[PDB]
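Listed next as structure tokens is one chain, alone, in the form deposited in one PDB entry.
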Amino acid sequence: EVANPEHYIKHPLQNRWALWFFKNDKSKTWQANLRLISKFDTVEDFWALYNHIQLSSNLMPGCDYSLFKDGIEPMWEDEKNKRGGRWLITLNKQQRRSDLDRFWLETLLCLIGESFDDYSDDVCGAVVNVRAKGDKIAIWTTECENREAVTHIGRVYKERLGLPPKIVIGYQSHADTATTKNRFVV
């Protein structure tokens, strides 16, 4: 007779996740400013890492957090990113105080909680850009020609953030980005 696992096990996530950090440094390269923080695979280790790091709104201009599935680098030239794109949300400057941190947390919860049902295997990761002209949050998808997966992810994401129906967000392919047109909108 053995101990009941629910009294002592950490709560496991579907996936291992990696949090990355981008440091704004013009003397270094893009590749070398992008660096791993740490990995986690349970709810308890996710909060241990979230609770000691700075909120996005307190970061210096030019920095990014990136949360990607273990094995996928947060750059578009990665094998699981190069045929996909991203649902992009652009925030005005006033949103920095009121929505940035709440949207980014909600975004983290959607990834680690697998909120996109069977299209969750299409999710690669998410990036928040802290910029003086306007912050941006985005969820990256592995294939831009998978219409039904991309469409479902975009719609679920937009209502999870609480965005009003009149506010339109676009999905832009990494290959087109590399003034970008939207393949999809919700």
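In this text, the rigid core denotes the largest set of C-alpha atoms whose superposition between the two forms falls within 1.5 Å. Position 1 is the first residue in the sequence shown; the rest follow in order.
This next part talks about the form solved in complex with a small molecule, which is not shown.
key: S57 within 4.5 Å of the small molecule in the deposited complex, heavy atoms   = Looking in the deposited complex, residue contacts with the small molecule include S57, since a heavy atom lies within 4.5 Å.
task = Check whether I169 has any heavy atom within 4.5 Å of a heavy atom of the small molecule in the deposited complex, and answer yes or no.
result = It does not: once the small molecule is placed as it appears in the deposited complex, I169 has no heavy atom within 4.5 Å of it.
task = Considering only heavy atoms, tell me if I72 and the small molecule come within 4.5 Å of each other in the deposited complex.
result = Judged by the heavy-atom cut-off of 4.5 Å, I72 is well away from the small molecule in the deposited complex.
inquiry  = Whether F116 contacts the small molecule in the deposited complex should be assessed with a 4.5 Å heavy atom distance threshold; does it?
reply    = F116: no, not in contact with the small molecule in the deposited complex.
task = Decide if the three candidate residues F46, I53 and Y65 all line the small molecule in the deposited complex, where lining means a heavy atom within 4.5 Å.
result = Checked in the deposited complex: all three residues contact the small molecule.
Rigid core superposed: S27 CA moves 2 Å or more between this form and the one not shown = Moves: yes, 2 Å or greater.
query = When you overlay the rigid core, is the Cα of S57 off by 2 Å or more between this form and the one not shown?
reply = Yes; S57 is a residue whose C-alpha shifts (by 2 Å or more) between this form and the one not shown when the cores are overlaid.
message = Relative to what's shown here, the Cα pair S57 and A48 differs by 3 Å or more in the deposited complex. Does it come closer or drift farther?
response = The answer is closer, because the C-alphas of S57 and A48 approach each other in the deposited complex by 3 Å or more.
query = Which way does the C-alpha gap of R102 and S56 go in the deposited complex, closer or farther, given it changes by 3 angstroms or more?
reply = Relative to the shown form, the pair is farther apart.
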